[PDB]
Each structure stands twice: as C-alpha cells, then as structure tokens.
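Raw work-v1.pdb, PDB, C-alpha atoms:
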ATOM      1  CA  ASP H   1    -101.789  47.615 155.179
ATOM      2  CA  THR H   2     -98.450  45.963 155.889
ATOM      3  CA  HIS H   3     -96.509  46.056 152.582
ATOM      4  CA  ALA H   4     -96.430  49.807 151.760
ATOM      5  CA  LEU H   5     -95.476  50.525 155.402
ATOM      6  CA  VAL H   6     -92.629  47.973 155.619
ATOM      7  CA  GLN H   7     -91.652  49.024 152.062
ATOM      8  CA  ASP H   8     -91.442  52.665 153.185
ATOM      9  CA  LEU H   9     -89.262  52.027 156.262
ATOM     10  CA  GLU H  10     -86.763  49.797 154.409
ATOM     11  CA  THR H  11     -86.241  52.462 151.735
ATOM     12  CA  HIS H  12     -85.673  55.157 154.422
ATOM     13  CA  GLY H  13     -82.782  53.690 156.408
ATOM     14  CA  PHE H  14     -84.104  50.454 157.934
ATOM     15  CA  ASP H  15     -83.476  46.729 157.513
ATOM     16  CA  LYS H  16     -85.928  44.036 156.499
ATOM     17  CA  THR H  17     -86.045  42.844 160.123
ATOM     18  CA  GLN H  18     -86.182  46.311 161.680
ATOM     19  CA  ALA H  19     -89.052  47.405 159.388
ATOM     20  CA  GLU H  20     -91.090  44.218 159.912
ATOM     21  CA  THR H  21     -90.656  44.154 163.714
ATOM     22  CA  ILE H  22     -91.601  47.849 163.953
ATOM     23  CA  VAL H  23     -94.715  47.135 161.872
ATOM     24  CA  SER H  24     -95.396  44.002 163.960
ATOM     25  CA  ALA H  25     -95.387  46.249 167.054
ATOM     26  CA  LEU H  26     -97.724  48.860 165.454
ATOM     27  CA  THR H  27    -100.166  46.107 164.453
ATOM     28  CA  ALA H  28     -99.938  44.550 167.948
ATOM     29  CA  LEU H  29    -100.976  47.748 169.777
ATOM     30  CA  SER H  30    -103.504  48.771 167.126
ATOM     31  CA  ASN H  31    -105.284  45.398 167.399
ATOM     32  CA  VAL H  32    -105.386  45.164 171.200
ATOM     33  CA  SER H  33    -106.593  48.788 171.379
ATOM     34  CA  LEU H  34    -109.347  48.264 168.808
ATOM     35  CA  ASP H  35    -110.351  45.064 170.550
ATOM     36  CA  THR H  36    -110.641  46.997 173.861
ATOM     37  CA  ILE H  37    -112.630  49.755 172.226
ATOM     38  CA  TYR H  38    -115.065  47.426 170.432
ATOM     39  CA  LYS H  39    -115.787  45.730 173.770
ATOM     40  CA  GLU H  40    -116.193  48.818 175.925
ATOM     41  CA  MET H  41    -117.964  51.168 173.535
ATOM     42  CA  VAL H  42    -121.254  51.044 171.616
ATOM     43  CA  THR H  43    -121.028  49.984 168.019
ATOM     44  CA  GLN H  44    -123.204  51.565 165.356
ATOM     45  CA  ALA H  45    -124.706  48.079 164.745
ATOM     46  CA  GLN H  46    -125.763  47.822 168.376
ATOM     47  CA  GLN H  47    -127.152  51.369 168.246
ATOM     48  CA  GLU H  48    -129.212  50.652 165.120
ATOM     49  CA  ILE H  49    -130.832  47.669 166.793
ATOM     50  CA  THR H  50    -131.624  49.633 170.007
ATOM     51  CA  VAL H  51    -133.103  52.506 168.011
ATOM     52  CA  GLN H  52    -135.272  50.165 165.970
ATOM     53  CA  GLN H  53    -136.536  48.575 169.141
ATOM     54  CA  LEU H  54    -137.406  51.959 170.694
ATOM     55  CA  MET H  55    -139.165  52.982 167.395
ATOM     56  CA  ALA H  56    -141.098  49.703 167.575
ATOM     57  CA  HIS H  57    -142.302  50.639 171.073
ATOM     58  CA  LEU H  58    -143.304  54.115 169.839
ATOM     59  CA  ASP H  59    -145.152  52.606 166.883
ATOM     60  CA  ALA H  60    -147.102  50.248 169.117
ATOM     61  CA  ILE H  61    -148.189  53.149 171.357
ATOM     62  CA  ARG H  62    -149.219  55.264 168.320
ATOM     63  CA  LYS H  63    -151.248  52.331 167.093
ATOM     64  CA  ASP H  64    -153.051  51.931 170.374
ATOM     65  CA  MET H  65    -153.800  55.613 170.538
ATOM     66  CA  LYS H  66    -155.396  55.529 167.055
ATOM     67  CA  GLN H  67    -157.597  52.629 168.036
ATOM     68  CA  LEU H  68    -158.678  54.320 171.253
ATOM     69  CA  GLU H  69    -159.460  57.475 169.281
ATOM     70  CA  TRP H  70    -161.642  55.470 166.944
ATOM     71  CA  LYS H  71    -163.394  53.830 169.879
ATOM     72  CA  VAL H  72    -164.102  57.267 171.476
ATOM     73  CA  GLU H  73    -165.575  58.508 168.180
ATOM     74  CA  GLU H  74    -167.909  55.528 168.111
ATOM     75  CA  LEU H  75    -168.934  56.160 171.713
ATOM     76  CA  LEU H  76    -169.586  59.814 170.820
ATOM     77  CA  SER H  77    -171.925  58.821 168.002
ATOM     78  CA  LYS H  78    -173.818  56.485 170.201
ATOM     79  CA  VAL H  79    -174.106  59.220 172.889
ATOM     80  CA  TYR H  80    -175.453  61.546 170.236
ATOM     81  CA  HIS H  81    -178.139  59.067 169.216
ATOM     82  CA  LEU H  82    -179.132  58.532 172.867
ATOM     83  CA  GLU H  83    -179.293  62.299 173.442
ATOM     84  CA  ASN H  84    -181.791  62.518 170.594
ATOM     85  CA  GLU H  85    -183.845  59.598 171.918
ATOM     86  CA  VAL H  86    -183.841  60.989 175.431
ATOM     87  CA  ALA H  87    -184.835  64.488 174.170
ATOM     88  CA  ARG H  88    -187.699  62.844 172.285
ATOM     89  CA  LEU H  89    -188.790  60.881 175.337
ATOM     90  CA  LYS H  90    -188.777  63.995 177.512
ATOM     91  CA  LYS H  91    -191.123  65.660 175.045
ATOM     92  CA  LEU H  92    -193.601  62.737 175.010
ATOM     93  CA  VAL H  93    -193.781  62.572 178.833
ATOM     94  CA  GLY H  94    -193.354  66.347 179.262
TER      95      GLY H  94
ATOM     96  CA  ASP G   1     -96.895  45.139 177.592
ATOM     97  CA  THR G   2     -93.777  47.368 177.275
ATOM     98  CA  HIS G   3     -91.257  44.585 177.973
ATOM     99  CA  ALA G   4     -92.042  42.061 175.205
ATOM    100  CA  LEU G   5     -92.137  44.937 172.683
ATOM    101  CA  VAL G   6     -88.805  46.527 173.709
ATOM    102  CA  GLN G   7     -87.423  42.962 174.061
ATOM    103  CA  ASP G   8     -88.486  42.201 170.479
ATOM    104  CA  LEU G   9     -86.917  45.318 168.911
ATOM    105  CA  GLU G  10     -83.557  44.928 170.700
ATOM    106  CA  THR G  11     -83.252  41.334 169.472
ATOM    107  CA  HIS G  12     -84.059  42.415 165.875
ATOM    108  CA  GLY G  13     -81.378  45.013 165.215
ATOM    109  CA  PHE G  14     -82.015  47.833 167.696
ATOM    110  CA  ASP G  15     -80.293  49.298 170.764
ATOM    111  CA  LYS G  16     -81.646  49.576 174.275
ATOM    112  CA  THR G  17     -82.178  53.317 173.697
ATOM    113  CA  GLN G  18     -83.597  52.987 170.198
ATOM    114  CA  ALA G  19     -86.105  50.298 171.274
ATOM    115  CA  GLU G  20     -87.243  52.190 174.385
ATOM    116  CA  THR G  21     -87.652  55.552 172.612
ATOM    117  CA  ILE G  22     -89.606  53.905 169.799
ATOM    118  CA  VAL G  23     -91.856  52.243 172.364
ATOM    119  CA  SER G  24     -92.094  55.541 174.277
ATOM    120  CA  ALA G  25     -93.447  57.126 171.074
ATOM    121  CA  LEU G  26     -95.972  54.284 170.449
ATOM    122  CA  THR G  27     -97.221  54.574 174.029
ATOM    123  CA  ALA G  28     -97.435  58.366 173.757
ATOM    124  CA  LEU G  29     -99.709  58.275 170.697
ATOM    125  CA  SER G  30    -101.680  55.202 171.850
ATOM    126  CA  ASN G  31    -102.482  56.903 175.179
ATOM    127  CA  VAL G  32    -103.533  60.283 173.822
ATOM    128  CA  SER G  33    -105.610  58.633 171.061
ATOM    129  CA  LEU G  34    -107.348  56.267 173.546
ATOM    130  CA  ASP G  35    -107.937  59.102 175.925
ATOM    131  CA  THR G  36    -109.598  61.085 173.096
ATOM    132  CA  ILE G  37    -111.729  58.070 172.115
ATOM    133  CA  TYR G  38    -112.823  57.202 175.642
ATOM    134  CA  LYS G  39    -113.974  60.860 176.039
ATOM    135  CA  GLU G  40    -115.632  61.365 172.667
ATOM    136  CA  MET G  41    -117.414  57.995 172.389
ATOM    137  CA  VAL G  42    -120.281  56.448 174.269
ATOM    138  CA  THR G  43    -119.485  53.645 176.705
ATOM    139  CA  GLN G  44    -121.849  50.750 177.371
ATOM    140  CA  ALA G  45    -122.460  52.066 180.906
ATOM    141  CA  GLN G  46    -123.513  55.479 179.492
ATOM    142  CA  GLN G  47    -125.702  53.767 176.887
ATOM    143  CA  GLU G  48    -127.431  51.695 179.500
ATOM    144  CA  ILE G  49    -128.367  54.812 181.492
ATOM    145  CA  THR G  50    -129.711  56.590 178.458
ATOM    146  CA  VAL G  51    -131.669  53.549 177.309
ATOM    147  CA  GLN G  52    -133.170  53.017 180.722
ATOM    148  CA  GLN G  53    -134.311  56.651 180.778
ATOM    149  CA  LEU G  54    -135.936  56.284 177.369
ATOM    150  CA  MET G  55    -137.637  53.081 178.530
ATOM    151  CA  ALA G  56    -138.875  54.884 181.615
ATOM    152  CA  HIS G  57    -140.443  57.563 179.405
ATOM    153  CA  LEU G  58    -142.030  54.912 177.198
ATOM    154  CA  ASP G  59    -143.359  53.098 180.275
ATOM    155  CA  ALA G  60    -144.941  56.219 181.657
ATOM    156  CA  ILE G  61    -146.691  56.916 178.367
ATOM    157  CA  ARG G  62    -147.892  53.266 178.204
ATOM    158  CA  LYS G  63    -149.165  53.566 181.722
ATOM    159  CA  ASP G  64    -151.089  56.774 180.839
ATOM    160  CA  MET G  65    -152.481  54.981 177.750
ATOM    161  CA  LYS G  66    -153.717  52.087 179.873
ATOM    162  CA  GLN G  67    -155.447  54.400 182.339
ATOM    163  CA  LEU G  68    -157.148  56.258 179.495
ATOM    164  CA  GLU G  69    -158.233  52.945 177.981
ATOM    165  CA  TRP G  70    -159.706  51.943 181.307
ATOM    166  CA  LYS G  71    -161.528  55.195 181.604
ATOM    167  CA  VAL G  72    -163.018  54.745 178.078
ATOM    168  CA  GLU G  73    -164.087  51.204 178.987
ATOM    169  CA  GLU G  74    -165.943  52.575 181.989
ATOM    170  CA  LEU G  75    -167.618  55.123 179.754
ATOM    171  CA  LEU G  76    -168.493  52.302 177.331
ATOM    172  CA  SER G  77    -170.213  50.299 180.041
ATOM    173  CA  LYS G  78    -172.177  53.348 181.097
ATOM    174  CA  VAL G  79    -173.238  54.081 177.508
ATOM    175  CA  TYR G  80    -174.349  50.419 177.080
ATOM    176  CA  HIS G  81    -176.323  50.562 180.226
ATOM    177  CA  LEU G  82    -178.047  53.813 179.122
ATOM    178  CA  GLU G  83    -178.861  52.198 175.740
ATOM    179  CA  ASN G  84    -180.642  49.412 177.549
ATOM    180  CA  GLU G  85    -182.397  51.789 179.959
ATOM    181  CA  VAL G  86    -183.550  54.021 177.066
ATOM    182  CA  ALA G  87    -184.840  50.968 175.130
ATOM    183  CA  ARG G  88    -186.759  49.985 178.247
ATOM    184  CA  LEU G  89    -188.177  53.480 178.685
ATOM    185  CA  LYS G  90    -189.325  53.640 175.053
ATOM    186  CA  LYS G  91    -191.222  50.408 175.671
ATOM    187  CA  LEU G  92    -192.989  51.744 178.816
ATOM    188  CA  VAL G  93    -194.105  55.000 177.186
ATOM    189  CA  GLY G  94    -195.425  52.821 174.322
TER     190      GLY G  94
ATOM    191  CA  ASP R   1     -97.329  66.816 168.241
ATOM    192  CA  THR R   2     -95.047  65.608 165.384
ATOM    193  CA  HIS R   3     -92.102  67.834 166.343
ATOM    194  CA  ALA R   4     -91.370  66.754 169.957
ATOM    195  CA  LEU R   5     -91.667  63.095 168.853
ATOM    196  CA  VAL R   6     -89.303  63.387 165.806
ATOM    197  CA  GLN R   7     -87.085  65.602 167.956
ATOM    198  CA  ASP R   8     -86.902  62.901 170.661
ATOM    199  CA  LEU R   9     -85.985  60.062 168.272
ATOM    200  CA  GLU R  10     -83.231  62.025 166.491
ATOM    201  CA  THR R  11     -81.559  62.838 169.805
ATOM    202  CA  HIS R  12     -81.716  59.151 170.854
ATOM    203  CA  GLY R  13     -79.860  57.428 168.053
ATOM    204  CA  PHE R  14     -81.903  58.075 164.912
ATOM    205  CA  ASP R  15     -81.528  60.087 161.687
ATOM    206  CA  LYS R  16     -83.754  62.850 160.383
ATOM    207  CA  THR R  17     -85.225  60.403 157.822
ATOM    208  CA  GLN R  18     -85.512  57.457 160.232
ATOM    209  CA  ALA R  19     -87.298  59.572 162.879
ATOM    210  CA  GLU R  20     -89.700  61.173 160.393
ATOM    211  CA  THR R  21     -90.563  57.878 158.636
ATOM    212  CA  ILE R  22     -91.167  56.172 161.981
ATOM    213  CA  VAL R  23     -93.464  59.045 162.980
ATOM    214  CA  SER R  24     -95.085  58.911 159.523
ATOM    215  CA  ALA R  25     -95.872  55.231 160.210
ATOM    216  CA  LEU R  26     -97.305  55.963 163.708
ATOM    217  CA  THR R  27     -99.512  58.682 162.228
ATOM    218  CA  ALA R  28    -100.567  56.356 159.368
ATOM    219  CA  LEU R  29    -101.856  53.600 161.673
ATOM    220  CA  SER R  30    -103.270  56.038 164.243
ATOM    221  CA  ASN R  31    -105.330  57.788 161.541
ATOM    222  CA  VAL R  32    -106.700  54.654 159.845
ATOM    223  CA  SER R  33    -107.576  53.189 163.253
ATOM    224  CA  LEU R  34    -109.342  56.345 164.405
ATOM    225  CA  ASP R  35    -111.126  56.574 161.093
ATOM    226  CA  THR R  36    -112.346  52.948 161.538
ATOM    227  CA  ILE R  37    -113.414  53.670 165.096
ATOM    228  CA  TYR R  38    -115.286  56.899 164.252
ATOM    229  CA  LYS R  39    -117.233  54.962 161.576
ATOM    230  CA  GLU R  40    -117.959  51.846 163.587
ATOM    231  CA  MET R  41    -118.746  53.399 167.042
ATOM    232  CA  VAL R  42    -121.240  55.917 168.448
ATOM    233  CA  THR R  43    -119.908  59.369 169.367
ATOM    234  CA  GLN R  44    -121.471  61.471 172.151
ATOM    235  CA  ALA R  45    -122.487  64.007 169.461
ATOM    236  CA  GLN R  46    -124.295  61.329 167.479
ATOM    237  CA  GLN R  47    -125.941  60.049 170.578
ATOM    238  CA  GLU R  48    -127.307  63.486 171.521
ATOM    239  CA  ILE R  49    -128.886  63.882 168.091
ATOM    240  CA  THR R  50    -130.472  60.435 168.164
ATOM    241  CA  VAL R  51    -131.808  61.003 171.657
ATOM    242  CA  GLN R  52    -133.290  64.386 170.661
ATOM    243  CA  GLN R  53    -135.014  62.732 167.678
ATOM    244  CA  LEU R  54    -136.494  60.028 169.869
ATOM    245  CA  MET R  55    -137.597  62.674 172.420
ATOM    246  CA  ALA R  56    -139.283  64.573 169.540
ATOM    247  CA  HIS R  57    -141.275  61.430 168.716
ATOM    248  CA  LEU R  58    -142.155  60.952 172.389
ATOM    249  CA  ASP R  59    -143.262  64.603 172.654
ATOM    250  CA  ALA R  60    -145.482  64.231 169.565
ATOM    251  CA  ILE R  61    -147.132  61.173 171.125
ATOM    252  CA  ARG R  62    -147.594  63.026 174.474
ATOM    253  CA  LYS R  63    -149.162  65.923 172.551
ATOM    254  CA  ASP R  64    -151.609  63.574 170.749
ATOM    255  CA  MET R  65    -152.297  61.966 174.093
ATOM    256  CA  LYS R  66    -153.467  65.335 175.544
ATOM    257  CA  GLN R  67    -155.866  65.876 172.602
ATOM    258  CA  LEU R  68    -157.322  62.338 173.038
ATOM    259  CA  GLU R  69    -157.655  63.044 176.817
ATOM    260  CA  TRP R  70    -159.628  66.128 175.987
ATOM    261  CA  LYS R  71    -161.887  64.170 173.749
ATOM    262  CA  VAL R  72    -162.511  61.552 176.507
ATOM    263  CA  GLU R  73    -163.387  64.378 178.936
ATOM    264  CA  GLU R  74    -165.981  65.660 176.446
ATOM    265  CA  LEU R  75    -167.441  62.146 176.148
ATOM    266  CA  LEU R  76    -167.462  61.752 179.913
ATOM    267  CA  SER R  77    -169.455  65.004 180.373
ATOM    268  CA  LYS R  78    -171.970  63.953 177.839
ATOM    269  CA  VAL R  79    -172.349  60.465 179.358
ATOM    270  CA  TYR R  80    -172.781  61.974 182.875
ATOM    271  CA  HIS R  81    -175.407  64.350 181.670
ATOM    272  CA  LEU R  82    -177.336  61.520 179.942
ATOM    273  CA  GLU R  83    -177.140  59.461 183.127
ATOM    274  CA  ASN R  84    -178.832  62.296 184.995
ATOM    275  CA  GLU R  85    -181.475  62.904 182.345
ATOM    276  CA  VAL R  86    -182.272  59.196 182.225
ATOM    277  CA  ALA R  87    -182.436  58.861 186.034
ATOM    278  CA  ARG R  88    -184.912  61.699 186.009
ATOM    279  CA  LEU R  89    -186.973  60.128 183.193
ATOM    280  CA  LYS R  90    -187.195  56.832 185.001
ATOM    281  CA  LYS R  91    -188.737  58.616 188.004
ATOM    282  CA  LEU R  92    -191.313  60.468 185.941
ATOM    283  CA  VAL R  93    -192.520  57.281 184.188
ATOM    284  CA  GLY R  94    -191.780  54.997 187.226
TER     285      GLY R  94
END
Encoding of this model in structure tokens:
Amino acid sequence: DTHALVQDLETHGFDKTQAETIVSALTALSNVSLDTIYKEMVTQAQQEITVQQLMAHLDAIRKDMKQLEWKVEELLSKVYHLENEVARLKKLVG
Amino acid sequence: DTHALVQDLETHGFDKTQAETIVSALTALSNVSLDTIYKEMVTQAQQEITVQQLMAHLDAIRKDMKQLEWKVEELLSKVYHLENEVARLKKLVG
Amino acid sequence: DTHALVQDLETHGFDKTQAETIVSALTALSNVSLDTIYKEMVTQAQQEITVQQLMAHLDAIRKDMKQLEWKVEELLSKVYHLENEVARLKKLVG
C-alpha cells in the first residue's frame, strides 16, 4: 500500500512530491502489467470452472457405463433362463 | 509509455538523468518479471489447446460408449426374439 | 540483481540511501504483485498436475470400459449359441 512506501522514501532523502510521483509511477506500471496478465493468462477461477465442467463430463460417462453394466447383467440372466428352457426342450424332443 | 513517466518525474523535482535512470530501473524489473510470468504461466492459447485435447479424449470415450450401447441393444432385440421363439416352441411341443 | 541497479542509480545522481530505498520500493511492489499473480493465475506446473489427474480419471473409465466390453462379448457368445440351438429346434419340431 501507498502510505508506508511514500512514508519510507520521504524519510530517506526524498520530498513529498518526489516520493508520491515515484509511487504514482510504480502503481501505474504495476496496474497496467497486472491488467495485461489477467487478460492474457488463465485465472484460477476460470480453471476451476473448466475442471468442474470436465469432471461433469466424466461423471456422465461413468453413469452411463453403470447403467449399461446393469442392462448387460439383466440380459445375462434372461439368457441363462432361456438356456435352461432350451436345454429342457431339447430333452423332450430328443 | 517511457515519455509521460520521465516527463512526470522531471517536472516534480528530478533531473533528466535522475528521471531516466529511475525509469530505466522500473523497465528493467518490469521486463524481467513479465518475461518470467509469461514463461511460467499458462496463456489462454495454451489452455485452449489442452482443453480441446481433453475434449477429444472425452468424445472418443463417448463414441465408444455409444457403439457399445448399440451393440447391447442389438443383443437385446435378439434375446427378445429368442424369448418369443422359445415360448412358441414350448406351445408346439405341448 | 540488486547490486547493478543500486550501483547504477548512485553513479547517476543519487545517494547510497536514495538508491537503496528506491530499489527497496521496486522490490516491494514487484514481490507483492508476483505473489498476487502466482495466487490468482495458473502456472504450467499446476496445469501439468491437473491434467495428469484428469488423465487418471479418463484411464480409469477406459479400464472399466474394457471390462464391460468383455462382459458384452460373453453375452454375445451366449446369445449366438442360443440362436443356433433354437434354429435347430425349430427344424426338428417344424
């Protein structure tokens, strides 16, 4: 912050005006630089949103896979029951 | 950029040489610090490439999931058809 | 880093104390800015770790996918074999 920096310069061989204008210049470049960085780079907030979205895709796929697994298990049981019926039929006619 | 900053210092109790050397120091640190940031941090253009790659992986898995779903559906239709055939056969053999 | 900057100021119309306090101010703002940037933005090192974690989730899903594929193959074989048995049975009774 401004005070303790302007305060420091004044008490180490600078004027009021010299210390404030120096600090005005430091702030000026700081703020334009940060502004350029925040625009060009990826913020942690943007990253968090992207990651949540990718985890939402992964969760939807996992959910589908579970459902398909359950549907294959049901088909397997029905196939089992038909195998028994068919084996029984073969015996009757055979 | 340089001008209005050196201009400001000179007109607030600094020399030509004092204002330029100050500004030379600000530039020096700004430029090395930015250079270190632009190298160490992720740009939007790099993010986009990474995200697209992750979305391509997710799309391939979704596409494999769809094909497997279709293949289970086919199996389902065949099992249904065998259920009906077997029920018909049981009827014939009395 | 500090030296050649304090050295430059002194030799261009500044004191020992004036040159060091200026440089102390440049360091102060540099370091708070960088600290704010490192907290708010995504580094390449962070990105690599996040990407590896997402790829570990994708690899777990691809692994589960293979096991479900195997299970569909086992259903398919059983369904195919029942189709043949049934086709044969229909001929015998038909």
| message | Could you check the closest approach to chain H for each of G:57, G:8, G:52, G:64 and tell me which residue wins, using only C-alpha atoms? | response | G:8
| task | Hey, list the chain G side of the contact with chain H: 9 Å cut-off, only C-alpha atoms, answer as a PyMOL selection string. | result | chain G and resi 5+8-9+12-14+22-23+26-27+30+34+37-38+41-45+47+51+54-55+58+61-62+65+68-69+72+75-76+79+82-83+86+89-90+93
Write the residues of the selection above to a file with C-alpha atoms, as a CSV table (one decimal), in the frame of the given file.
chain,number,residue,atom,x,y,z
G,5,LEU,CA,-92.1,44.9,172.7
G,8,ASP,CA,-88.5,42.2,170.5
G,9,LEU,CA,-86.9,45.3,168.9
G,12,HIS,CA,-84.1,42.4,165.9
G,13,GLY,CA,-81.4,45.0,165.2
G,14,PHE,CA,-82.0,47.8,167.7
G,22,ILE,CA,-89.6,53.9,169.8
G,23,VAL,CA,-91.9,52.2,172.4
G,26,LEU,CA,-96.0,54.3,170.4
G,27,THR,CA,-97.2,54.6,174.0
G,30,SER,CA,-101.7,55.2,171.8
G,34,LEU,CA,-107.3,56.3,173.5
G,37,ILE,CA,-111.7,58.1,172.1
G,38,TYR,CA,-112.8,57.2,175.6
G,41,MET,CA,-117.4,58.0,172.4
G,42,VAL,CA,-120.3,56.4,174.3
G,43,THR,CA,-119.5,53.6,176.7
G,44,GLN,CA,-121.8,50.8,177.4
G,45,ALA,CA,-122.5,52.1,180.9
G,47,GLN,CA,-125.7,53.8,176.9
G,51,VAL,CA,-131.7,53.5,177.3
G,54,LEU,CA,-135.9,56.3,177.4
G,55,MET,CA,-137.6,53.1,178.5
G,58,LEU,CA,-142.0,54.9,177.2
G,61,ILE,CA,-146.7,56.9,178.4
G,62,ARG,CA,-147.9,53.3,178.2
G,65,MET,CA,-152.5,55.0,177.8
G,68,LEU,CA,-157.1,56.3,179.5
G,69,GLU,CA,-158.2,52.9,178.0
G,72,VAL,CA,-163.0,54.7,178.1
G,75,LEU,CA,-167.6,55.1,179.8
G,76,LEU,CA,-168.5,52.3,177.3
G,79,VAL,CA,-173.2,54.1,177.5
G,82,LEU,CA,-178.0,53.8,179.1
G,83,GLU,CA,-178.9,52.2,175.7
G,86,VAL,CA,-183.6,54.0,177.1
G,89,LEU,CA,-188.2,53.5,178.7
G,90,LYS,CA,-189.3,53.6,175.1
G,93,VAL,CA,-194.1,55.0,177.2
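The Cα RMSD between chain G and chain R, which share one sequence, comes to 1.6 Å after optimal superposition of the latter on the former.
Interatomic distance, atom CA of residue R:35 against atom CA of residue R:3: 22.7 Å.
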Would you give the centre and edge lengths, in Å to one decimal, of a box along x, y and z around the listed atoms of stretch 56-70 of chain H, with 4 Å added to each side, as lines of an AutoDock Vina configuration file?
center_x = -151.4
center_y = 53.6
center_z = 169.1
size_x = 28.5
size_y = 15.8
size_z = 12.5
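Atom pair atom CA of residue H:70 / atom CA of residue R:66: separated by 15.4 Å.
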